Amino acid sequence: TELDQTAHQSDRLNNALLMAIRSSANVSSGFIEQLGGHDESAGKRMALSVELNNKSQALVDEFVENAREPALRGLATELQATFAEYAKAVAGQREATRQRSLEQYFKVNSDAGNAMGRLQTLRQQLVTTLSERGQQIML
């Protein structure tokens, strides 16, 4: 049944990164809605961005708990540390939205992109490692 446990680890990964990117999509589009005077819609996107990054970090933390094989743990905790960096930058984008400052938005939008670029590469290496472990069981 360790076979179906590598699939749960892979789905936690894919869901975490998808929601992590959806959260940045919500703050940027919410920032635009705010500049158009759509305060209510912008507030809902801020809340959705909070909820998505919290859900993603919960999956990430569940991911590193169940990653016990050392061929997997080395990439797992770098994914957690990189994500905490990504989460703070998106949180910085949200406070710039509430403050209506393009200045603060550009200040941390480069941080979010850098951490997201490393998150996507870390997912690729982790997905390959999980797929390799699952295949190792069938042979």
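The numbering used is simple: start at 1 and walk along the sequence shown.
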property: Comparing 130-138 with 1-9, the one whose average Cα B-factor in the PDB entry is higher; result: 1-9
property: Comparing 21-29 with 116-124, the one whose average Cα B-factor in the PDB entry is higher; result: 116-124
property: Top Cα B factor in the deposited entry, candidates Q93, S101, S41, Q57; result: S101
property: Candidate residues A87, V108, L48, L35, the one whose C-alpha B factor the record puts highest; result: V108
property: Chain-relative CA temperature factor third for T97; result: middle
